[PDB]
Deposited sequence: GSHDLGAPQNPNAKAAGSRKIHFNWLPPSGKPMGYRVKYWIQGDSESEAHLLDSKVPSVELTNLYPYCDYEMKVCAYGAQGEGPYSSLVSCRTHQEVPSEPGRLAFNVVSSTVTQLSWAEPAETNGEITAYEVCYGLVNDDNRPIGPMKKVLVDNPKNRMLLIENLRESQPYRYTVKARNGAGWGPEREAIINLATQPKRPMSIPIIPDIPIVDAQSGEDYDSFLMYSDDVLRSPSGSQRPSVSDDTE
């Protein structure tokens, strides 16, 4: 058997890749797909069997580049591998931004800052910060102010004009190609707590 020709891959939905090829001349019993993450050795590769000239790679990482090749087998054993084909998976909404850190500037001013989500699952393009008054049981008493940060590299926010000795709830969430992820939360009273960050 020769090598399967015309290796062809494309992202298909969540965490999976559709991979097909042109069968080699003859009557192959099946194929063996070898796939791995671009940058990893063909030693961390996974091996899939198929009886048909296509395969679904599942359980993959979001927004991740994958390399793959395929070989055919039959009566006379395994044949050569196809040429390499590279393909990137679709994106997923990000995880929570990192825990929130507060630099108290005054009884009415604070510098909120957060880390990038541990799993971006894509290219992060914005952050949204909500903050608002909460009562004694720590639930908002009114509409939360919403702030769009259109520069994802800016993970710091100077919020001034807050009320003295008043508890405020703060949330940060990230957005990427797939949309918005879950929120990271913290309740902070400025009066309660110099230039060293606080972290609930």
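Mapping the modelled residues onto the deposited sequence reveals missing stretches at 1-4, 198-201, 209-248.
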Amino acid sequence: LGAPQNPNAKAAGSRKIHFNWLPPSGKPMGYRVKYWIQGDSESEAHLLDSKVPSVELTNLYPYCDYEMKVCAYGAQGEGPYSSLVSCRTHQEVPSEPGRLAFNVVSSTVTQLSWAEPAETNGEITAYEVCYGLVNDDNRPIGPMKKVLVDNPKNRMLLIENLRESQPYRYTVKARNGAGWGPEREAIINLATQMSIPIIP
From here on, numbers count along this sequence of modelled residues.
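Averaged over CA atoms, B-factors in the entry run higher in 78-86 than in the other of 103-111 and 78-86. Looking at mean Cα B-factors across 65-73 and 147-155, the upper value is held by 65-73.
When the C-alpha B-factors of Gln38, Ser165, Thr171, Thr58 are ranked from the entry, the top spot goes to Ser165.
The PDB entry assigns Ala9 a C-alpha temperature factor belonging to the highest third of its chain's modelled residues. Sorting the modelled residues of the chain by their CA temperature factor places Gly181 in the lowest third. Placement of the Cα temperature factor of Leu133 within the chain: lowest third of the modelled residues, per the deposited record.
Residue-level temperature factors show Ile187 in the lowest third of its chain, judged at the C-alpha atom.
Among the modelled residues of its chain, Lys27 has a C-alpha B-factor that falls in the highest third, as given in the PDB entry.
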